[PDB]
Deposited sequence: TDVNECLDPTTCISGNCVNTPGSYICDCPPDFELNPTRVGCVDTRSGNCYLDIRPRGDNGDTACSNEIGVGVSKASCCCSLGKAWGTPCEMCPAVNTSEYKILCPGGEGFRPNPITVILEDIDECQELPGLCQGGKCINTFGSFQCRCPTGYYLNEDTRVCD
């Protein structure tokens, strides 16, 4: 009877909690929707990921969080600018900070595999995924352009 679950910080990942007598509801901001177990909010749309304002495509048909919580700068069609890293929108989209995104079914944070999802981060090179990051090695004679993410 005394219980307001919205006071629990685990409650309603990336959503707004509203207390109810024996439970609680999670209201999801625009572009997010409640997950199957109703513990949080995820964006399940698919769109292209871009390194620039939209251009310089680095992934195809990925989620907005996979794009924007990694090195993507814009996403989707029409283009949606990734939220800046010190905003409330980034907090909701990227609740684990950079490198990670919530699993769309369980909302548990998981590494983004940049090599699988954003292969354009190492074009012409060899990508190795890591936990929270990735590495790109360019083949002999070629060098990573830090700006376009192309080997040469």
Stretches of deposited sequence not represented by any CA atom are 54-63
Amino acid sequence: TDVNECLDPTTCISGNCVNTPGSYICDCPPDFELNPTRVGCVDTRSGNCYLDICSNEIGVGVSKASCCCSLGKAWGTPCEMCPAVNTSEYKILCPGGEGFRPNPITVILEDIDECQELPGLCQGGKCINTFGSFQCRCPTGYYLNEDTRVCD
From here on, numbers count along this sequence of modelled residues.
Tell me which stretch, 115-123 or 95-103, has the higher mean Cα B-factor listed in the entry.
115-123
Where do the C-alpha atoms have the higher mean temperature factor in this entry, in 59-67 or in 79-87?
79-87
Entry record, C-alpha B-factors for 19, 11, 129, 14; the maximum is at 11
Residue 39 CA temperature factor, ranked by third within the chain:
lowest
So, residue 109's CA B-factor, relative to its chain, sits in which third? The lowest
